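Okay, so here's the structure we're looking at.
In what follows, chains are A, B, ... by sequence order, proteins preceding strands, each numbered from 1. No hydrogens, no waters, no symmetry mates; every other heavy atom, side chains included, goes into these values.
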Amino acid sequence: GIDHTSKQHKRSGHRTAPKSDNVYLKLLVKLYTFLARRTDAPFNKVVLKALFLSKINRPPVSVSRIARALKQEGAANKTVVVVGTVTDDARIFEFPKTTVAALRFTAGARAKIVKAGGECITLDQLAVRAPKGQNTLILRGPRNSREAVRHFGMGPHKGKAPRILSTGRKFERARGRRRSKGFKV
Amino acid sequence: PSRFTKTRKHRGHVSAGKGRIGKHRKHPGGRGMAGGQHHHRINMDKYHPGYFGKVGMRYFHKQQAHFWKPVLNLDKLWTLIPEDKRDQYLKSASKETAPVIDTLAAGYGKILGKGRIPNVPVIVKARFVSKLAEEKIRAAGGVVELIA
Amino acid sequence: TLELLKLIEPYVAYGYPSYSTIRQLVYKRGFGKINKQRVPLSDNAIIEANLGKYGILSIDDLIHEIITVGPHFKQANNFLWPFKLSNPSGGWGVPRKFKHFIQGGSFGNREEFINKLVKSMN
Amino acid sequence: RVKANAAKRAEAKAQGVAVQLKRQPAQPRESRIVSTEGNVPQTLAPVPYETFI
Amino acid sequence: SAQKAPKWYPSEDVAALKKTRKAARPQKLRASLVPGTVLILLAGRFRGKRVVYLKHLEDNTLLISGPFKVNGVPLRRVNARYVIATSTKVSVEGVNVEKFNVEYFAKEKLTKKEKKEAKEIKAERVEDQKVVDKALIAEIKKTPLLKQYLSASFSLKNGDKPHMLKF
Amino acid sequence: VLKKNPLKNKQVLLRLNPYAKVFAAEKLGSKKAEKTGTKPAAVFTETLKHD
RNA sequence: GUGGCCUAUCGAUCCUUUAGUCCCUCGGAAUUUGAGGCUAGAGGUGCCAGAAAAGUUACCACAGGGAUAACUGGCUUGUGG
RNA sequence: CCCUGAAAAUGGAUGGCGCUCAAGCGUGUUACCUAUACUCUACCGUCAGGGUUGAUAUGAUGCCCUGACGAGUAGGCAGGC
RNA sequence: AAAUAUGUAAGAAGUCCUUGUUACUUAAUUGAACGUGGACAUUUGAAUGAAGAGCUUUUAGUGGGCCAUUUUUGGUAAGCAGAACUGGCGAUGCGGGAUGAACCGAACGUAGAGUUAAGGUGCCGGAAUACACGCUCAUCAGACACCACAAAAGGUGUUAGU
RNA sequence: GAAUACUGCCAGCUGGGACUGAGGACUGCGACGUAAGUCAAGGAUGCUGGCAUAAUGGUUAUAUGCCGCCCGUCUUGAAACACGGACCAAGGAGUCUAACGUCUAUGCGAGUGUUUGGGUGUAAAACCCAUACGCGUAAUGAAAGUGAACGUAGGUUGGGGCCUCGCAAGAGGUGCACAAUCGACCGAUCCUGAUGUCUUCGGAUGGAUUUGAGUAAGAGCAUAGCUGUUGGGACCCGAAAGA
Ligand SMILES: C[C@@H]1C[C@@H]([C@H](O)CC2CC(=O)NC(=O)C2)C(=O)[C@@H](C)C1
Ligand SMILES: [K+]
Ligand SMILES: [K+]
Ligand SMILES: [Mg+2]
Ligand SMILES: [Mg+2]
Ligand SMILES: [Mg+2]
Ligand SMILES: [Mg+2]
Ligand SMILES: [Mg+2]
Ligand SMILES: [Mg+2]
Ligand SMILES: [Mg+2]
Ligand SMILES: [Mg+2]
Ligand SMILES: [Mg+2]
Ligand SMILES: [Mg+2]
Ligand SMILES: [Mg+2]
Ligand SMILES: [Mg+2]
Ligand SMILES: [Mg+2]
Ligand SMILES: [Mg+2]
Ligand SMILES: [Mg+2]
Ligand SMILES: [Mg+2]
Ligand SMILES: [Mg+2]
Ligand SMILES: [Mg+2]
Ligand SMILES: [Mg+2]
Ligand SMILES: [Mg+2]
Ligand SMILES: [Mg+2]
Ligand SMILES: [Mg+2]
Ligand SMILES: [Mg+2]
Ligand SMILES: [Mg+2]
């Protein structure tokens, strides 16, 4: 017998492969597995781990987010890397000439980036021209902006959104929500 | 598909995953929202505060078409001009030739002010407009023409 | 540590090891904890690879850092995996183990007799 | 103790390096020579039982 | 197809063996086994026969000629673990045994075609046996009762405990 | 592939600890000590024999 | 000094009622009653997180329970002997 | 220590036979017996950490190296028939 | 006024030196809190360990318990009823206690070899009818904890002792 | 003045027995040798014999030694003097639907959804499509209503990755996601009340131990799957009753 201080046969809890059957994604995973093994650059390891992520853990990254990231000093000539989708944004009216490498570009995002003088690039061409992740800039999208996150942690005084179908007066705005009707949360 | 469900996996195991003690029964706590004030009170008050009681005043025969008023912010305002003319209108900001935007034709009731339009004068026709939105349009050099 | 031993006394037998006991224990049952794995020593280069910053270049250096409680005792001792000993070859010598060694049992402090016990246990 | 530790390090920065700030637990005693001269050992055995009531 | 296919097949190329670090060193015989020692055969068709140890062959076999003129055992090899070396010794510095070796006792090449339904000794062995055994007899007759002792067959009596018997 | 114990297999005992050759060549495990004629004191002997 | 020297001395939803803002609504447009809202008290649930509630059944019924009594056994032995 | 105190109902229980300088009682020294426990080795599986592309090496959900681990109702999940 | 149990601290989110902010504070250019800059070196301020550390969502069964050591209430008591801490059983085989949910030993993939635990070694039954010092003779001996009970009281039985 | 007991050490020598031989070109650490080589040094070889078939081995029946209580179920506790079960075949119990939560996959993404319908067709398929409509891109308030940049869309503290100097140790710089915190903005509540004037309207600025399921360079929509939820006969079978 052994006095087990820890739970036995415990899986790491991390994805080691994409959950999908996309063969082109699996080819990208194979390429960045080779790069994350034969190169010591932590960029290839971070890109490889991001290639395993689910959809909610790969939020889209807008072109306005990319332009804001390019307003940083020393980052004008960098290569923006989005392991996921670059969506479009009409809120902006100027776009810098830059190189963006991403899994997917929406039609609007690709048009805006190309019209700005830049180029859209896949992660394999990213690997070819920047094998060690030279002057790259990895961007991620907002994960807690998801609508499901609003209801996480519901409870008294937590200030969270109830899981509700119909919204308005007569829908959970009474006893328990105001002092005049019983109490307030 | 049934072949992927846990019902197939429970074959040969007596209780079908329901327990030998609890012994899956018909409606052990009542049907629907039974006991919302009595034995489901903790769940109701924790997850749905505000459920019980009346708040506000009634509206007999409410027609939602009276309250039709889609809102549009100034940042999305320039999306109403088609892209074939958007670049041309964006450059060479003219006081004598400014784009006319019929937001009502685009299906909007009130123009709001989430901000930062370029300093290009535009005519913005709207039914309702917010104070800050009209200030921002006039700051850019445009005008708001109220319509009905 | 003495209060720790005074608190687990009914479950352990401890004492003061000699140089021969420590040397034979490390040579025969010494495994290192390297990258969370239990690695048989079997070579000076492994001990130098894991304890070389502490100036411990060989198994004899490890033995000295144990017999004389040196500055790097804590690192050398934790580098050693807990020794897995066999049951004593001639038995425990007592009818019942779970009395104190003073009371004719086996547990507690048996200070210099731990050498004979451990030698029979490995 | 924080002030005292700073004082010890401040002195050691000039003279007497390796001031060894950390506290240590009670260490085992070192060797010694217990002189008998004037301290001849003398003690008896256990004592018989007496009623004392 | 009744069974689909295996997508990948094992390679049929046989693997070579790793180099083996086991050298052949000469066998170290027991202390009691010295030439001219009277042994007792414990197994074989000549069980319980007192024999004379003559030579140590290179295949870890003892060349014994338990005198054929005395007890009818020829020049033959035995395994050292199947004999009991007794204290009695006979001189052998009058005999030559260098001719007898493994190639001398190379038996035959039997054919698989050959088969036996129901049912001689080579020429050279007889004169070799006589020539070897002559000086063995001459040495034996120097002290009395060896001829009778070799003629007699060893056996275990009732209550004879070999774990305390001195041979 | 296989743990070979020292304290036997003198090849492995010599792979580790190159001093073991000098230890054997000099019989340091059976070193004879220098004779010393330092007597105990009378007060020690009398205390030991005291009841 | 935001009641009682401290540790007890008390009460949701719906409904009614009062106070406050003199404010919002009655949806074709106004005025005045009337009604409905918003904020804060009261009217009471003592089974005190709060149904509106008399019995009988030896004429009885059903689901159950050895989760629970009445006979035997078991432990105990006050009481009995 | 032994004896008296010491009475229950089918025939019966140091487990049985039996046991008296014990095969009883108190104590002590040794030797010996044997668990799925401990040590070493092999094999299965699981988990973890790694290696493997100047064409891999064959399909890199493959091959391989290294270490540790394995009880299980109710129940969860996985891979399969 | 203990023992056991129990709170906190043992630094980098730290310490020190200047001088910055403010509508708070001071009689005040006094403090308070938060700072800029500077200094502190690898023992960054006890020990041991750390099996990865943090974090989140969502959902099953369960919501009859029972036993033991110790503490403890009611009861004459109970294999009674009720609490406290811990370990167990339930959910669990294996060795030992003949037998037994819980006691002792030890927790379990499939095998081999060795060694032991608890318990034993006359025979059943594997293993000393071992060794040593004594005690006991019962016309109801005694013979291993849980555990399958014994008392007040008495004996020129016998042994040791005051 | 010695010996011995006892205890301890040897990187002292050696005899007998038992189980195991995993891996499969080489690489390493070594040792003996002037080297060249050799070896017991990252896991067994060499030699020999018999048989080559029921001999070994498998299955099966039996015998022998030891062990083994009847399953399922409720239960703290079942071999129970608890219940169901004489035997066998066949049938026999978590399903489908509406709406939905978390997670995952896929498409497109500030959008998304063809299939109400029209067109067409090799005709319940496949293919093509307008306008709408749903959800989403704005919240808040009971409501009338009003409605999201002071600032590189803020400051502070961490923070992966990247950039520079570095052989490295490290040092700076930039710092997405995320976490904590102080702010700003929008709505509600309370307050303050400028120019102006149908003299009662309007509500500019400025506040707050207040409040919101908000803003602060969007993340959603649609389909599918396991799991969970509610209504449905609702896992299957079962009342005493009521009409
Ligand atoms: C006893 C009297 C009435 C009582 C209350 O309104 C009774 C019930 C009536 C009803 O049908 N439904 C409810 O939710 C409450 C109340 O408030 C007291 C102060 C005054
Ligand atoms: K009735
Ligand atoms: K195990
Ligand atoms: Mg069944
Ligand atoms: Mg379940
Ligand atoms: Mg059931
Ligand atoms: Mg109630
Ligand atoms: Mg033994
Ligand atoms: Mg009212
Ligand atoms: Mg019961
Ligand atoms: Mg009585
Ligand atoms: Mg199960
Ligand atoms: Mg229950
Ligand atoms: Mg249960
Ligand atoms: Mg018993
Ligand atoms: Mg115990
Ligand atoms: Mg026997
Ligand atoms: Mg049996
Ligand atoms: Mg049963
Ligand atoms: Mg019974
Ligand atoms: Mg029943
Ligand atoms: Mg029946
Ligand atoms: Mg039937
Ligand atoms: Mg069937
Ligand atoms: Mg079915
Ligand atoms: Mg039914
Ligand atoms: Mg009725």
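Glycosidic conformation at J:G94 (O4'-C1'-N9-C4 for purines, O4'-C1'-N1-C2 for pyrimidines): syn, within 90° of 0. Look at I:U18: its glycosidic torsion is beyond 90° from 0, and that puts it in the anti range. Classification of J:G218 as syn follows from a glycosidic angle within 90° of 0. I:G100 shows a glycosidic angle within 90° of 0 and is accordingly assigned syn.
Put simply, the side chain of A:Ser62 and the base of J:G218 share no donor and acceptor less than 3.5 Å apart.
Neighbouring nucleotides J:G119 and J:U120 have six-membered base rings whose centres lie under 5.5 Å apart with planes under 30° to each other, which meets the stacking criterion.
Remark: E:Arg77 pairs with E:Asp59 by the salt bridge (charged side-chain N to carboxylate O under 4.0 Å, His left out) rule, at least two apart or across chains. Looking at residues two or more places apart in sequence or on another chain, you find no side-chain contact (heavy atoms from CB on, under 4.5 Å) involving A:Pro42. By the side-chain contact (heavy atoms from CB on, under 4.5 Å) test, A:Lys78 pairs with A:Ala75, A:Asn135, A:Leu137, sequence neighbours left out. Partners of B:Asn73 according to the side-chain hydrogen bond (donor to acceptor under 3.5 Å, both in side chains) rule, which considers only residues two or more places apart in sequence or in another chain, do not exist here. Applying the side-chain hydrogen bond (donor to acceptor under 3.5 Å, both in side chains) test to A:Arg91 and every residue at least two apart in sequence or in another chain returns A:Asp89.
Note on F:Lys10: every side-chain N or O is 4.0 Å or more away from OP1 and OP2 of J:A40. Using a 4.0 Å cut-off, some side-chain N or O of F:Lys4 falls inside it from OP1 or OP2 of J:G42. Applying the 4.0 Å criterion to OP1 and OP2 of J:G42, one finds that F:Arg15 has a side-chain N or O inside that range. OP1 or OP2 of I:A50 has at least one side-chain nitrogen or oxygen of C:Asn78 nearer than 4.0 Å.
As rounded to the nearest Å, J:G72 and J:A54 have P atoms that lie 48 Å from one another. Across the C1' atoms, I:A143 and H:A9 are found 29 Å apart, a figure rounded to whole Å. The P atoms of G:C26 and J:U146 are separated by 16 Å, rounded to the nearest whole Å. Distance noted for atom P between J:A224 and J:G145: 43 Å (whole Å).
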Protein-to-nucleotide contact annotation, 5' to 3' order, nucleotides 65-81 of chain H [B base; S sugar-phosphate only; - none; under 4.0 Å, heavy atom]: -BBSBS---SSSSSBB-

Which letters describe nucleotides 132-145 of chain J, given B = protein heavy atom under 4.0 Å from base, S = only from sugar-phosphate, - = neither? -----SB--SBSS-

What does nucleotides 171-177 of chain J look like as a protein-contact string, B for base, S for sugar-phosphate only, - for none, at under 4.0 angstrom between heavy atoms? ---SSBB

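As judged by a 4.0 angstrom heavy-atom cut-off over every strand, A:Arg110 is placed among residues making no nucleic acid contact. Backbone-only contact: F:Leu13 has heavy atoms under 4.0 Å from sugar-phosphate atoms and none from a base. F:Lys8 comes within 4.0 angstrom of nothing in the nucleic acid, heavy atoms only.
When both distances must be under 3.5 Å, the Watson-Crick or G-U wobble mate of J:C165 is J:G170. Shown here, G:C23 forms a base pair with G:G37; the pair counts as Watson-Crick or G-U wobble because both key distances fall under 3.5 Å. Of the nucleotides present, H:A68 is the one that pairs with H:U46 by Watson-Crick or G-U wobble criteria, both distances under 3.5 Å. In this entry J:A177 has no Watson-Crick or G-U wobble partner, no candidate having both defining distances under 3.5 Å.
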Pull out every protein N or O sitting under 3.5 Å from an N or O of nucleotides 236-238 of chain J, one pair per line with the distance.
none

Output a table of nitrogen or oxygen pairs between the protein and nucleotides 230-232 of chain J separated by less than 3.5 Å.
unit_1 : atom_1 : unit_2  : atom_2 : d
J:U230 : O3'    : B:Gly32 : N      : 3.4
J:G231 : OP1    : B:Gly32 : N      : 2.8
J:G232 : OP2    : B:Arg31 : NH1    : 2.6

Close N/O contacts between protein and nucleotides 201-207 of chain J (under 3.5 Å):
unit_1 : atom_1 : unit_2   : atom_2 : d
J:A204 : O5'    : B:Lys131 : NZ     : 3.3

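If A:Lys26 and A:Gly13 are placed on RNA chain H by their nearest nucleotide, the residue sitting closer to the 5' end is A:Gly13. Heavy-atom distances to RNA chain I give each of A:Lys7 and D:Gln24 a nearest nucleotide, and the one nearer the 5′ end belongs to D:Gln24.
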Test A:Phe152 against A:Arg146 for side-chain contact (heavy atoms from CB on, under 4.5 Å), laying out the working first. CA-CA 11 Å; A:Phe152 290 167; A:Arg146 221 158 49 86; 4.0 Å; yes

Please table the atom pairs, donor to acceptor, closer than 3.5 Å between any side-chain atom in residues 53-64 of chain B and protein atoms at least two apart or in another chain.
none

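Side-chain contact of C:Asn115 with C:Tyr19: a donor-acceptor pair under 3.5 Å is absent, judged by distance alone.
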